[PDB]
Every structure is written in C-alpha cells, then in structure tokens.
C-alpha cells in the first residue's frame, strides 16, 4: 500500500528523529564513561549506538521505498542527486535562517557565548552548502 498521508508515514519520521538522537546521545555518554575509566560501559554504549544506526537507516529505507520525503528537509531522497539536493536545502536553511536567528535570540537573552557558537555553526553550514553545491554541479553536469 501507498504510505503517503498515513499515520505510519508520520511514525517513520518521528522514529527517525528519535533514533538519530539516540545514537548521538549514546556516543556522547560513551566519552564520559571513557574519561572516568568504564570501558565496558563505554563499549556497551558504542555497540548499542550501532543498533540505533541500524534502526535509523531502516526507517529511511521504508521512507525512501515508500516515496516519502526526508524527515529533515521534506525533500525527496530517492536518487543520489536528490540526496545531495536534500543536503543543500538543509544546509541553506541552517546558514541563512536557523543559526543566525538562534544567535540573535541568544544575544538578546544575555548569552553571548552561546550566540558566538551559533554564529560559528552558521558559517560552518554555509561552507557545507558550498561544498555540496559543487558536488551537485558534478553530478548534474556529468
């Protein structure tokens, strides 16, 4: 059956978001176990994080096979070119809108160090966008 417009389409999206966060969280936690001398705990966090990678990738497989869009950008991700276009769209949103906006709010609320971080990130995502744009030119132009 067609997944478009179903609740299952939404649940694959929110499964993807949670899986993505779980992998990042567990690898961040592992580095604390590392410094404190808990190699078995760190190893378990790393191995379970591989599980969450598998989960996230499986959600994306169903999304792509179903003709659903990228959770992050609402752009198709069927072909490699589409995947690069999805990357460009996300990076563009981040540098032109999201991170500058976060920076302005941080400065206005009295958090200059957080604002500086968001402005670093905006410059980083702009750099990423440019790099991906150069890939798209290669792919689209053969």
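Residue numbers count along the first chain shown, from 1.
S.K.: Should the higher mean CA B-factor in the entry be assigned to 51 to 59 or to 66 to 74?
M.R.: Per the PDB entry, the higher value belongs to 66 to 74.
S.K.: Using only modelled residues of the chain, where does the Cα B factor of residue 117 rank: lowest third, middle third or highest third?
M.R.: For residue 117, the deposited C-alpha B-factor lands in the lowest third.
S.K.: Please place residue 126 in the lowest, middle or highest third of its chain according to the CA B-factor in the PDB entry.
M.R.: It belongs to the lowest third of the chain when residues are ordered by C-alpha B-factor.
S.K.: When the deposited Cα B-factors of this chain's modelled residues are ordered and cut into thirds, is residue 94 in the lowest, the middle or the highest one?
M.R.: For residue 94, the deposited C-alpha B-factor lands in the lowest third.
S.K.: Please say which third, lowest, middle or highest, residue 22 falls into when its CA temperature factor is compared across its chain.
M.R.: CA B-factor rank for residue 22: lowest third.
S.K.: Could you look up the Cα B-factor of residue 29 in the entry and say which third of the chain it sits in: lowest, middle or highest?
M.R.: Lowest third of the chain for residue 29's C-alpha B-factor.
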